[PDB]
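Colleague: My structure is in structure38.cif, and what it holds is mmCIF, C-alpha atoms and all ligand atoms:
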data_my_file
loop_
_atom_site.group_PDB
_atom_site.id
_atom_site.type_symbol
_atom_site.label_atom_id
_atom_site.label_comp_id
_atom_site.auth_asym_id
_atom_site.auth_seq_id
_atom_site.Cartn_x
_atom_site.Cartn_y
_atom_site.Cartn_z
ATOM 1 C CA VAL A 3 -26.615 7.339 -31.530
ATOM 2 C CA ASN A 4 -24.876 5.362 -28.774
ATOM 3 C CA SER A 5 -25.668 2.306 -26.650
ATOM 4 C CA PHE A 6 -26.371 3.997 -23.300
ATOM 5 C CA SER A 7 -29.893 3.080 -22.169
ATOM 6 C CA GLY A 8 -32.299 4.305 -19.519
ATOM 7 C CA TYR A 9 -30.642 7.652 -18.781
ATOM 8 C CA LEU A 10 -32.445 10.823 -17.808
ATOM 9 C CA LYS A 11 -31.264 13.799 -19.847
ATOM 10 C CA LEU A 12 -30.188 16.723 -17.652
ATOM 11 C CA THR A 13 -28.721 19.125 -20.226
ATOM 12 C CA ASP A 14 -27.615 19.099 -23.850
ATOM 13 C CA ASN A 15 -24.639 16.894 -22.920
ATOM 14 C CA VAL A 16 -25.144 15.457 -19.397
ATOM 15 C CA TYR A 17 -27.191 12.321 -18.662
ATOM 16 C CA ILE A 18 -27.783 10.559 -15.307
ATOM 17 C CA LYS A 19 -28.943 7.116 -14.136
ATOM 18 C CA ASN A 20 -29.243 5.023 -11.029
ATOM 19 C CA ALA A 21 -26.766 2.282 -11.880
ATOM 20 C CA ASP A 22 -23.721 0.392 -10.681
ATOM 21 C CA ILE A 23 -20.898 1.766 -12.837
ATOM 22 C CA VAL A 24 -19.250 -1.675 -12.868
ATOM 23 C CA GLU A 25 -22.368 -3.358 -14.250
ATOM 24 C CA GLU A 26 -22.993 -0.489 -16.642
ATOM 25 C CA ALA A 27 -19.469 -0.693 -17.948
ATOM 26 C CA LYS A 28 -19.581 -4.468 -18.439
ATOM 27 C CA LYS A 29 -22.793 -4.119 -20.465
ATOM 28 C CA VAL A 30 -22.076 -1.030 -22.501
ATOM 29 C CA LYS A 31 -18.301 -1.565 -22.889
ATOM 30 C CA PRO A 32 -17.886 2.204 -23.395
ATOM 31 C CA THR A 33 -14.851 3.774 -25.024
ATOM 32 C CA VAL A 34 -14.046 5.519 -21.712
ATOM 33 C CA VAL A 35 -14.990 4.672 -18.137
ATOM 34 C CA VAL A 36 -13.902 7.199 -15.505
ATOM 35 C CA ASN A 37 -12.337 6.005 -12.293
ATOM 36 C CA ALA A 38 -12.591 8.009 -9.066
ATOM 37 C CA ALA A 39 -8.848 7.719 -8.521
ATOM 38 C CA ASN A 40 -6.424 9.025 -5.929
ATOM 39 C CA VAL A 41 -2.972 10.362 -6.718
ATOM 40 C CA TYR A 42 -1.287 7.015 -5.958
ATOM 41 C CA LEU A 43 -3.749 4.998 -8.063
ATOM 42 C CA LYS A 44 -4.367 2.835 -4.989
ATOM 43 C CA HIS A 45 -7.785 1.427 -5.844
ATOM 44 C CA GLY A 46 -8.859 0.327 -2.391
ATOM 45 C CA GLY A 47 -12.500 1.302 -2.031
ATOM 46 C CA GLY A 48 -15.382 3.293 -3.381
ATOM 47 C CA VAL A 49 -15.727 3.348 -7.149
ATOM 48 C CA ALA A 50 -12.011 2.605 -7.607
ATOM 49 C CA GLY A 51 -12.068 -0.476 -5.409
ATOM 50 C CA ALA A 52 -15.150 -1.761 -7.232
ATOM 51 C CA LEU A 53 -13.740 -1.146 -10.720
ATOM 52 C CA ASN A 54 -10.431 -2.755 -9.798
ATOM 53 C CA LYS A 55 -12.115 -5.868 -8.310
ATOM 54 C CA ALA A 56 -14.094 -6.305 -11.520
ATOM 55 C CA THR A 57 -10.773 -6.448 -13.456
ATOM 56 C CA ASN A 58 -9.461 -9.180 -11.107
ATOM 57 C CA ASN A 59 -6.800 -6.713 -9.908
ATOM 58 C CA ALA A 60 -5.362 -6.131 -13.406
ATOM 59 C CA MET A 61 -6.184 -2.424 -13.047
ATOM 60 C CA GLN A 62 -4.044 -2.261 -9.884
ATOM 61 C CA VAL A 63 -1.135 -4.133 -11.503
ATOM 62 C CA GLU A 64 -1.144 -1.732 -14.459
ATOM 63 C CA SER A 65 -1.505 1.254 -12.124
ATOM 64 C CA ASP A 66 1.465 0.225 -9.967
ATOM 65 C CA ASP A 67 3.672 0.105 -13.061
ATOM 66 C CA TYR A 68 2.347 3.542 -14.122
ATOM 67 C CA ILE A 69 3.232 5.075 -10.737
ATOM 68 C CA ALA A 70 6.645 3.393 -10.618
ATOM 69 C CA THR A 71 7.467 5.041 -13.959
ATOM 70 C CA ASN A 72 5.724 8.425 -13.647
ATOM 71 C CA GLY A 73 5.146 9.177 -9.954
ATOM 72 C CA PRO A 74 1.826 10.311 -8.485
ATOM 73 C CA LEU A 75 -0.861 12.237 -10.284
ATOM 74 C CA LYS A 76 -1.884 15.756 -9.261
ATOM 75 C CA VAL A 77 -5.131 16.426 -7.428
ATOM 76 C CA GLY A 78 -7.327 17.623 -10.298
ATOM 77 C CA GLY A 79 -5.299 15.591 -12.797
ATOM 78 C CA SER A 80 -5.777 12.373 -14.722
ATOM 79 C CA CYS A 81 -4.190 9.648 -16.773
ATOM 80 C CA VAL A 82 -5.500 7.306 -19.471
ATOM 81 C CA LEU A 83 -4.863 3.605 -18.881
ATOM 82 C CA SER A 84 -6.483 0.401 -20.105
ATOM 83 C CA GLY A 85 -10.168 -0.255 -19.500
ATOM 84 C CA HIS A 86 -9.393 -3.996 -19.203
ATOM 85 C CA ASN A 87 -12.620 -6.030 -19.445
ATOM 86 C CA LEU A 88 -14.757 -2.943 -18.626
ATOM 87 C CA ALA A 89 -14.107 -0.413 -21.394
ATOM 88 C CA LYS A 90 -11.552 0.413 -24.055
ATOM 89 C CA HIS A 91 -9.884 2.978 -21.769
ATOM 90 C CA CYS A 92 -10.084 4.011 -18.140
ATOM 91 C CA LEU A 93 -9.643 7.707 -17.439
ATOM 92 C CA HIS A 94 -8.339 7.841 -13.851
ATOM 93 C CA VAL A 95 -9.367 11.271 -12.520
ATOM 94 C CA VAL A 96 -8.371 12.628 -9.100
ATOM 95 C CA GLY A 97 -11.041 14.783 -7.539
ATOM 96 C CA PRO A 98 -10.212 16.506 -4.249
ATOM 97 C CA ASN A 99 -10.781 14.374 -1.140
ATOM 98 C CA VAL A 100 -12.477 16.565 1.498
ATOM 99 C CA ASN A 101 -11.593 13.904 4.056
ATOM 100 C CA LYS A 102 -7.940 14.824 3.288
ATOM 101 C CA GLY A 103 -8.422 18.607 3.412
ATOM 102 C CA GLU A 104 -8.034 19.196 -0.382
ATOM 103 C CA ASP A 105 -9.357 22.347 -2.008
ATOM 104 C CA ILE A 106 -12.823 21.867 -3.486
ATOM 105 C CA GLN A 107 -12.102 24.366 -6.206
ATOM 106 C CA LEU A 108 -9.904 21.605 -7.701
ATOM 107 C CA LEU A 109 -13.138 19.785 -8.547
ATOM 108 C CA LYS A 110 -13.580 21.976 -11.637
ATOM 109 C CA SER A 111 -10.050 21.141 -12.802
ATOM 110 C CA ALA A 112 -10.817 17.446 -12.272
ATOM 111 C CA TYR A 113 -13.934 17.614 -14.471
ATOM 112 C CA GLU A 114 -12.012 19.501 -17.202
ATOM 113 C CA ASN A 115 -10.209 16.223 -17.936
ATOM 114 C CA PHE A 116 -13.501 14.862 -19.279
ATOM 115 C CA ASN A 117 -13.418 17.394 -22.145
ATOM 116 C CA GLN A 118 -10.566 15.449 -23.767
ATOM 117 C CA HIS A 119 -13.023 12.586 -24.521
ATOM 118 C CA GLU A 120 -16.085 12.816 -26.743
ATOM 119 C CA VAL A 121 -18.179 10.347 -24.680
ATOM 120 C CA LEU A 122 -17.647 8.986 -21.143
ATOM 121 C CA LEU A 123 -19.299 6.816 -18.502
ATOM 122 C CA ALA A 124 -18.445 8.408 -15.179
ATOM 123 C CA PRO A 125 -19.228 8.669 -11.483
ATOM 124 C CA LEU A 126 -19.722 11.979 -9.758
ATOM 125 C CA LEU A 127 -16.220 13.163 -8.901
ATOM 126 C CA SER A 128 -15.376 13.706 -5.233
ATOM 127 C CA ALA A 129 -18.688 12.079 -4.169
ATOM 128 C CA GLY A 130 -18.977 9.014 -1.955
ATOM 129 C CA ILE A 131 -15.925 8.384 0.222
ATOM 130 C CA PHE A 132 -14.217 11.496 -1.191
ATOM 131 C CA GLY A 133 -16.540 13.526 1.026
ATOM 132 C CA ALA A 134 -17.900 16.257 -1.253
ATOM 133 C CA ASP A 135 -21.569 17.142 -1.656
ATOM 134 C CA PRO A 136 -22.803 15.167 -4.707
ATOM 135 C CA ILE A 137 -25.307 17.915 -5.582
ATOM 136 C CA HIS A 138 -22.398 20.355 -5.847
ATOM 137 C CA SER A 139 -20.366 17.892 -7.781
ATOM 138 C CA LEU A 140 -23.255 17.528 -10.236
ATOM 139 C CA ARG A 141 -23.460 21.314 -10.639
ATOM 140 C CA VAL A 142 -19.726 21.568 -11.367
ATOM 141 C CA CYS A 143 -20.018 18.682 -13.833
ATOM 142 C CA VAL A 144 -22.832 20.373 -15.759
ATOM 143 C CA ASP A 145 -21.041 23.721 -15.761
ATOM 144 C CA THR A 146 -17.630 22.313 -16.785
ATOM 145 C CA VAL A 147 -18.010 19.258 -19.022
ATOM 146 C CA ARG A 148 -18.932 20.008 -22.637
ATOM 147 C CA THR A 149 -18.519 16.480 -24.025
ATOM 148 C CA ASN A 150 -21.169 13.794 -23.600
ATOM 149 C CA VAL A 151 -21.135 12.387 -20.081
ATOM 150 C CA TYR A 152 -23.256 9.513 -18.756
ATOM 151 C CA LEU A 153 -23.260 9.671 -14.945
ATOM 152 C CA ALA A 154 -23.871 6.453 -13.010
ATOM 153 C CA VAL A 155 -25.111 6.989 -9.447
ATOM 154 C CA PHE A 156 -25.019 3.833 -7.330
ATOM 155 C CA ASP A 157 -27.363 4.945 -4.547
ATOM 156 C CA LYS A 158 -31.024 5.132 -5.563
ATOM 157 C CA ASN A 159 -31.872 7.550 -2.746
ATOM 158 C CA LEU A 160 -29.076 9.866 -3.863
ATOM 159 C CA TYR A 161 -30.061 9.560 -7.530
ATOM 160 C CA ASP A 162 -33.622 10.677 -6.765
ATOM 161 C CA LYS A 163 -32.320 13.603 -4.713
ATOM 162 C CA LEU A 164 -29.954 14.662 -7.512
ATOM 163 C CA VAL A 165 -32.735 14.628 -10.101
ATOM 164 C CA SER A 166 -35.338 16.293 -7.899
ATOM 165 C CA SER A 167 -32.996 19.135 -6.890
ATOM 166 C CA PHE A 168 -31.420 19.731 -10.300
ATOM 167 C CA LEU A 169 -31.680 23.316 -11.463
HETATM 168 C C1 LIG B 201 -22.435 5.302 -2.052
HETATM 169 S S1 LIG B 201 -22.231 6.640 -3.059
HETATM 170 O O1 LIG B 201 -23.249 6.668 -4.036
HETATM 171 O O2 LIG B 201 -22.082 7.768 -2.214
HETATM 172 N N1 LIG B 201 -20.825 6.389 -3.803
HETATM 173 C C2 LIG B 201 -19.574 6.573 -3.210
HETATM 174 O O3 LIG B 201 -19.486 6.958 -2.073
HETATM 175 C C3 LIG B 201 -18.333 6.260 -4.005
HETATM 176 F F1 LIG B 201 -17.305 6.073 -3.172
HETATM 177 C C4 LIG B 201 -18.556 5.003 -4.936
HETATM 178 N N2 LIG B 201 -19.054 5.408 -6.203
HETATM 179 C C5 LIG B 201 -19.716 4.666 -7.189
HETATM 180 N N3 LIG B 201 -20.305 5.295 -8.234
HETATM 181 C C6 LIG B 201 -20.936 4.564 -9.178
HETATM 182 N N4 LIG B 201 -21.079 3.240 -9.217
HETATM 183 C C7 LIG B 201 -20.496 2.606 -8.189
HETATM 184 N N5 LIG B 201 -20.534 1.241 -8.070
HETATM 185 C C8 LIG B 201 -19.851 0.867 -6.906
HETATM 186 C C9 LIG B 201 -19.671 -0.414 -6.413
HETATM 187 C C10 LIG B 201 -18.964 -0.534 -5.224
HETATM 188 F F2 LIG B 201 -18.745 -1.745 -4.697
HETATM 189 C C11 LIG B 201 -18.454 0.582 -4.549
HETATM 190 C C12 LIG B 201 -18.655 1.848 -5.069
HETATM 191 C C13 LIG B 201 -19.365 2.052 -6.262
HETATM 192 C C14 LIG B 201 -19.797 3.209 -7.099
HETATM 193 C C15 LIG B 201 -19.053 6.904 -6.207
HETATM 194 C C16 LIG B 201 -18.133 7.346 -5.069
HETATM 195 C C17 LIG B 201 -18.293 8.878 -4.913
HETATM 196 C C18 LIG B 201 -16.912 9.055 -5.567
HETATM 197 C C19 LIG B 201 -16.653 7.552 -5.400
#
With the file now loaded, output its structure as structure tokens.
Ligand SMILES: CS(=O)(=O)NC(=O)[C@@]1(F)CN(c2ncnc3[nH]c4cc(F)ccc4c23)CC12CCC2
Modeller:
Amino acid sequence: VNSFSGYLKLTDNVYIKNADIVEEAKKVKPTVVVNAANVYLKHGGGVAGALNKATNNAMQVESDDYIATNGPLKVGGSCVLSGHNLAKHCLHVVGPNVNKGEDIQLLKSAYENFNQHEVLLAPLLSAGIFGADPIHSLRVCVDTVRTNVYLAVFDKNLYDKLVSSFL
């Protein structure tokens, strides 16, 4: 039993809700919240900009030190950093950005990072400003992640479309 509330169950291990991931994180305080990161951990907009703002920019300060030490992430890769006031940990995961010409096949590699964590609150990778089809992203999530994933979908219209079209 865990504290996630109001989710629709899609499969044995994948759950979905219409929710603001920032507000969901602040309430649940999950062990892991997933950030829709880029390779530079520049949290300017989308989910990343919203998560960072909610930490009062502490996420960005920590991220800049991480990059200065380690260099950029790989597309499809991840790193574990602090969850600040939102979660114990933040798993920064880089899905491919279609608006940058990145290979969509890397979306499966991106979701594989979730399997290193027993339970996660996450957005749909490569959705939103990353330019991928969220329905596809949901399919890859279901077919790749084996650990327990709670997907927060900000847009109500999109959430209803994801549920209604789910095979
Ligand atoms: C409109 S969207 O639904 O298409 N979402 C997108 O475009 C995104 F940019 C933003 N994302 C979020 N996901 C869950 N909670 C969220 N709270 C937020 C609060 C914000 F001020 C901004 C973004 C989010 C957000 C997902 C996304 C796809 C990959 C990044």
Colleague: Suppose a student applies the PyMOL selection byres (((not hetatm)) within 9 of (chain B and resi 201)) to this structure; what residues should they get, written as a ChimeraX atom specification?
Modeller: /A:20-26,37-39,47-53,55,97,124-134,136,153-161
Colleague: With C-alpha atoms retained, could you export that selection as a short mmCIF file (atom, residue, chain, number, x, y, z; two decimals), in the frame of the given file?
Modeller:
data_model
loop_
_atom_site.label_atom_id
_atom_site.label_comp_id
_atom_site.auth_asym_id
_atom_site.auth_seq_id
_atom_site.Cartn_x
_atom_site.Cartn_y
_atom_site.Cartn_z
CA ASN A 20 -29.24 5.02 -11.03
CA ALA A 21 -26.77 2.28 -11.88
CA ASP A 22 -23.72 0.39 -10.68
CA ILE A 23 -20.90 1.77 -12.84
CA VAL A 24 -19.25 -1.68 -12.87
CA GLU A 25 -22.37 -3.36 -14.25
CA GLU A 26 -22.99 -0.49 -16.64
CA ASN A 37 -12.34 6.00 -12.29
CA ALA A 38 -12.59 8.01 -9.07
CA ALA A 39 -8.85 7.72 -8.52
CA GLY A 47 -12.50 1.30 -2.03
CA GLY A 48 -15.38 3.29 -3.38
CA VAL A 49 -15.73 3.35 -7.15
CA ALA A 50 -12.01 2.60 -7.61
CA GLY A 51 -12.07 -0.48 -5.41
CA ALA A 52 -15.15 -1.76 -7.23
CA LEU A 53 -13.74 -1.15 -10.72
CA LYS A 55 -12.12 -5.87 -8.31
CA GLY A 97 -11.04 14.78 -7.54
CA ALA A 124 -18.44 8.41 -15.18
CA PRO A 125 -19.23 8.67 -11.48
CA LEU A 126 -19.72 11.98 -9.76
CA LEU A 127 -16.22 13.16 -8.90
CA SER A 128 -15.38 13.71 -5.23
CA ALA A 129 -18.69 12.08 -4.17
CA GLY A 130 -18.98 9.01 -1.96
CA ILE A 131 -15.92 8.38 0.22
CA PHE A 132 -14.22 11.50 -1.19
CA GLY A 133 -16.54 13.53 1.03
CA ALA A 134 -17.90 16.26 -1.25
CA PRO A 136 -22.80 15.17 -4.71
CA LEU A 153 -23.26 9.67 -14.94
CA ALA A 154 -23.87 6.45 -13.01
CA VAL A 155 -25.11 6.99 -9.45
CA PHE A 156 -25.02 3.83 -7.33
CA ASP A 157 -27.36 4.94 -4.55
CA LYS A 158 -31.02 5.13 -5.56
CA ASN A 159 -31.87 7.55 -2.75
CA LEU A 160 -29.08 9.87 -3.86
CA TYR A 161 -30.06 9.56 -7.53
#
Colleague: Quote the spacing between CA of residue 117 in chain A and CA of residue 150 in chain A in Å to one decimal place.
Modeller: 8.7 Å
Colleague: Measuring between only C-alpha atoms, which one of A:77, A:63, A:12, A:100 shows the shortest distance to residue 40 in chain A?
Modeller: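 When distances to residue 40 in chain A are compared using only C-alpha atoms, the smallest one comes from A:77.
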Colleague: Just the number, please: distance in Å from CA of residue 57 in chain A to CA of residue 96 in chain A, one decimal.
Modeller: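 Atom-to-atom, CA of residue 57 in chain A and CA of residue 96 in chain A are spaced 19.7 Å apart.
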Colleague: Any idea what's packed within 9 Å of residue 30 in chain A, counting only C-alpha atoms, ignoring anything in its chain fewer than 3 positions away? Could you give it as a PyMOL selection string?
Modeller: chain A and resi 5-7+25-27+88-89
Colleague: Those same residues - C-alpha atoms - I'd like them written as a PDB file, in the coordinates of the input.
Modeller:
ATOM      1  CA  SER A   5     -25.668   2.306 -26.650  1.00  0.00           C
ATOM      2  CA  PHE A   6     -26.371   3.997 -23.300  1.00  0.00           C
ATOM      3  CA  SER A   7     -29.893   3.080 -22.169  1.00  0.00           C
ATOM      4  CA  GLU A  25     -22.368  -3.358 -14.250  1.00  0.00           C
ATOM      5  CA  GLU A  26     -22.993  -0.489 -16.642  1.00  0.00           C
ATOM      6  CA  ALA A  27     -19.469  -0.693 -17.948  1.00  0.00           C
ATOM      7  CA  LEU A  88     -14.757  -2.943 -18.626  1.00  0.00           C
ATOM      8  CA  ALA A  89     -14.107  -0.413 -21.394  1.00  0.00           C
TER       9      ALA A  89
END
Colleague: Between CA of residue 78 in chain A and CA of residue 162 in chain A, what is the distance, to one decimal in Å?
Modeller: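 These atoms are spaced 27.4 Å apart.
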Colleague: Which is closest to residue 19 in chain A among A:112, A:34, A:142, A:165, if we use only C-alpha atoms?
Modeller: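 Distance minimum relative to residue 19 in chain A lands on A:165.
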Colleague: Measuring between all atoms listed in the file, which one of A:11, A:163, A:28, A:44 shows the shortest distance to residue 90 in chain A?
Modeller: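 Of A:11, A:163, A:28, A:44, the one nearest residue 90 in chain A, counting all atoms listed in the file, is A:28.
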Colleague: Residue 92 in chain A: which residues within 6 Å, counting all atoms listed in the file, same-chain residues fewer than 5 positions away excluded, as a PDB file with C-alpha atoms, keeping the file's coordinate frame?
Modeller:
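Result written to out_21.pdb:
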ATOM      1  CA  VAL A  34     -14.046   5.519 -21.712  1.00  0.00           C
ATOM      2  CA  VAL A  35     -14.990   4.672 -18.137  1.00  0.00           C
ATOM      3  CA  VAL A  36     -13.902   7.199 -15.505  1.00  0.00           C
ATOM      4  CA  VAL A  82      -5.500   7.306 -19.471  1.00  0.00           C
ATOM      5  CA  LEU A  83      -4.863   3.605 -18.881  1.00  0.00           C
ATOM      6  CA  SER A  84      -6.483   0.401 -20.105  1.00  0.00           C
ATOM      7  CA  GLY A  85     -10.168  -0.255 -19.500  1.00  0.00           C
TER       8      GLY A  85
END
Colleague: Which is closest to residue 86 in chain A among A:62, A:4, A:13, A:118, if we use only C-alpha atoms?
Modeller: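 Among A:62, A:4, A:13, A:118, it is A:62 that comes nearest to residue 86 in chain A.
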Colleague: Counting all atoms listed in the file, I want the residues whose atoms come within 10 Å of (-23.9, 22.5, -16.2) in the file frame, returned as a ChimeraX atom specification.
Modeller: /A:12-16,140-148,168-169
Colleague: Between A:108, A:123, A:61, A:151, which has the minimum distance to residue 76 in chain A (counting only C-alpha atoms)?
Modeller: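 When distances to residue 76 in chain A are compared using only C-alpha atoms, the smallest one comes from A:108.
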Colleague: In terms of the shortest atom-to-atom distance over all atoms listed in the file, which of A:152, A:42, A:116, A:17 is closest to residue 93 in chain A?
Modeller: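 Answer, going by the shortest atom-to-atom distance: A:116.
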Colleague: For residue 74 in chain A, list every protein, DNA or RNA residue within 12 Å, evaluated using all atoms listed in the file, and leave out those in the same chain fewer than 5 positions away; present the list as a PyMOL selection string.
Modeller: chain A and resi 39-44+65-69+79-81+94-96
